[PDB]
Student: 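Input: one structure, supplied below.
Residue numbers count from 1 along this sequence.
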Amino acid sequence: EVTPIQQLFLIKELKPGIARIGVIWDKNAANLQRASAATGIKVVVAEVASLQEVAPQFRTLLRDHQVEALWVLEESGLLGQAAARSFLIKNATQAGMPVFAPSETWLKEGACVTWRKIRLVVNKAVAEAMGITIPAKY
């Protein structure tokens, strides 16, 4: 597993000058401040407990917090549902925001970047449209 601080530092390298990122978090999953402080990227967490909360909570990340990307950390329950994943990817993409995701299943559906212990995995077509260049050293 790639830890959250390792993930956020990788996001910082892919999106230099990102200032605010939104996390959609499954309230019922098992188990960011040091990550946020170590990177200087504000992390806004919107928690969801069921599918019907995903749309309202996502739209609050955008309306109230002006986030520049979506970050999903795990998929053990609600965020493992196809409907939640498809909603988040489609609406983040419509809003012009890349999605940093926990597995490659997300990338096949249009998320931008995931990771594995650390190697990066990139949906090249999405990263290019989003203006994301993978560092040469990676």
Student: Over 60° means perpendicular and under 30° means parallel, so tell me whether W115 and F100 are parallel, tilted or perpendicular.
Tutor: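 Ring orientation of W115 relative to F100: parallel.
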
Student: Determine whether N123 and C112 satisfy the following criterion, side chain to side chain contact (heavy atoms under 4.5 Å, CB included), listing intermediate values before the conclusion.
Tutor: CA-CA 5 Å; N123 178 329; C112 191; 5.6 Å; no

Student: Hey, what do you get for CD1 (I18) to OG1 (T39), rounding to the nearest 0.5 Å?
Tutor: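 Result: 9.0 Å between the selected atoms.
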
Student: Is the shortest heavy-atom distance from the side chain of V67 to the side chain of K42 under 4.5 Å?
Tutor: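 No - every pair of side-chain heavy atoms lies 4.5 Å or more apart.
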
Student: What's the shortest heavy-atom distance between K117 and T3, and which atoms?
Tutor: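 Looks like NZ-N, 4.5 Å.
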
Student: Would you say the side-chain atoms of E75 and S103 include a donor-acceptor pair closer than 3.5 Å?
Tutor: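 Yes, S103 and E75 have a side-chain donor paired with an acceptor closer than 3.5 Å.
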
Student: Would you call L61 and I24 a side-chain contact if the rule is heavy atoms closer than 4.5 Å?
Tutor: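 Counting from C-beta outward, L61 and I24 do come under 4.5 Å.
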
Student: Group every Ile, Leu, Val, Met, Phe, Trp and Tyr by side-chain heavy-atom contacts under 4.5 Å, then state whether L70 and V54 land in the same group.
Tutor: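 Linked, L70 and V54 end up in one cluster.
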
Student: Minimum heavy-atom separation for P56 and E53, please, with both atom names.
Tutor: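 Nearest pair, atom of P56 first, then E53: CD-O, 3.3 Å.
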
Student: Should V44 and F58 be regarded as members of a common hydrophobic cluster, given that ILVMFWY residues are connected when their side-chain heavy atoms come within less than 4.5 Å of each other, either directly or indirectly?
Tutor: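 Per the 4.5 Å side-chain linkage, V44 and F58 are co-clustered.
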
Student: Could you go through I11 and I21, starting from their C-alpha distance and side-chain angles, then the distance that decides it, and tell me whether this counts as side chain to side chain contact (heavy atoms under 4.5 Å, CB included)?
Tutor: CA-CA 10 Å; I11 292 163; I21 191 159; 3.9 Å; yes

Student: With a 3.5 Å distance limit and no angle check, can you tell me whether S36 reaches the backbone of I41 through a side-chain donor-acceptor pair?
Tutor: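 Answer holds: yes.
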
Student: State yes or no: do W71 and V113 share one hydrophobic cluster built from I, L, V, M, F, W and Y residues joined by side-chain heavy-atom distances below 4.5 Å, directly or via other members?
Tutor: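 As far as the 4.5 Å side-chain criterion goes, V113 and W71 are connected within one cluster.
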
Student: What I'd like to find out is whether the side chain of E13 reaches to under 4.5 Å of the side chain of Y138, using heavy atoms alone.
Tutor: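 Of all side-chain heavy-atom pairs linking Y138 with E13, at least one is under 4.5 Å.
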
Student: On a heavy-atom basis, which atom in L14 and which in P135 lie closest, and how many Å separate them?
Tutor: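 Closest approach of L14 to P135, heavy atoms only: CD2-CD, 3.6 Å.
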
Student: If you apply the rule salt bridge (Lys or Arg N to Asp or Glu O under 4.0 Å), what do you find for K27 with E47, and how did you get there?
Tutor: CA-CA 6 Å; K27 179 207 141 34; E47 313 207 355; 5.9 Å; no

Student: How far does CD of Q52 sit from CD of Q57, to the nearest 0.5 angstrom?
Tutor: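 With rounding to 0.5 Å, CD (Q52) is 11.5 Å from CD (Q57).
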
Student: Taking all non-hydrogen atoms of both residues, which atom of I132 and which atom of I134 are closest, and how far apart?
Tutor: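 Closest approach of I132 to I134, heavy atoms only: CG2-CD1, 3.8 Å.
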
Student: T114 side chain to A101 main-chain N or O, any donor-acceptor pair under 3.5 Å?
Tutor: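 Pair found, side chain donor or acceptor close to backbone of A101.
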
Student: Between the main-chain N or O of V2 and the side-chain N or O of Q6, is there a donor-acceptor pair closer than 3.5 Å?
Tutor: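 Checked: no pair found.
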
Student: Mind running side chain to side chain contact (heavy atoms under 4.5 Å, CB included) on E74 and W25 for me, showing each step along the way?
Tutor: CA-CA 8 Å; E74 66 83 54; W25 176 262; 4.1 Å; yes

Student: Crowded around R20 CZ? As in, over 12 foreign heavy atoms under 6.0 Å?
Tutor: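 Count over threshold, so yes.
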
Student: Treat each ILVMFWY residue as a node, draw an edge where side-chain heavy atoms are under 4.5 Å apart, and state whether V121 and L10 are in one component.
Tutor: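 Unlinked, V121 and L10 end up in two clusters.
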
Student: Count the heavy atoms of every other residue, nucleotide or ligand shown that sit under 6.0 Å from CG of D64, and state whether that count exceeds 12.
Tutor: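 Counting neighbours around CG of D64, more than 12 heavy atoms of other residues, nucleotides or ligands fall under 6.0 Å, so yes.
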
Student: I'd like to know if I89 and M97 are part of one continuous hydrophobic network [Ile/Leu/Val/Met/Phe/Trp/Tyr, side-chain heavy atoms within less than 4.5 Å].
Tutor: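 Linked within one cluster.
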
Student: Near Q81 CD, under 6.0 Å, is it more than 12 heavy atoms from other residues, nucleotides or ligands?
Tutor: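 It does: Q81 CD has more than 12 such atoms within range.
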
Student: Can you name the nearest heavy-atom pair linking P4 to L32, along with the distance?
Tutor: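 Looks like CB-CD2, 4.2 Å.
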
Student: What's the separation between atom CG in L107 and atom NZ in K124, rounded to the nearest 0.5 Å?
Tutor: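 Rounded to the nearest 0.5 Å, the CG-NZ separation comes to 10.5 Å.
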
Student: Mind listing the closest non-hydrogen atom pair of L51 and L78 along with its distance?
Tutor: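 Taking every non-hydrogen atom into account, N-CD1, 3.6 Å.
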
Student: Which value, rounded to the nearest 0.5 Å, describes the distance between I5 atom CD1 and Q33 atom CD?
Tutor: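 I5 atom CD1 to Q33 atom CD measures 11.5 Å (nearest 0.5 Å).
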
Student: Tell me whether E68 is salt-bridged to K15, with the criterion being a basic N under 4.0 Å from an acidic carboxylate O.
Tutor: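 Not counted as a salt bridge, because no side-chain N and carboxylate O are separated by less than 4.0 Å.
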
Student: Can you check side chain to side chain contact (heavy atoms under 4.5 Å, CB included) on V23 and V72, steps first, answer last?
Tutor: CA-CA 6 Å; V23 168; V72 170; over 6 Å; no

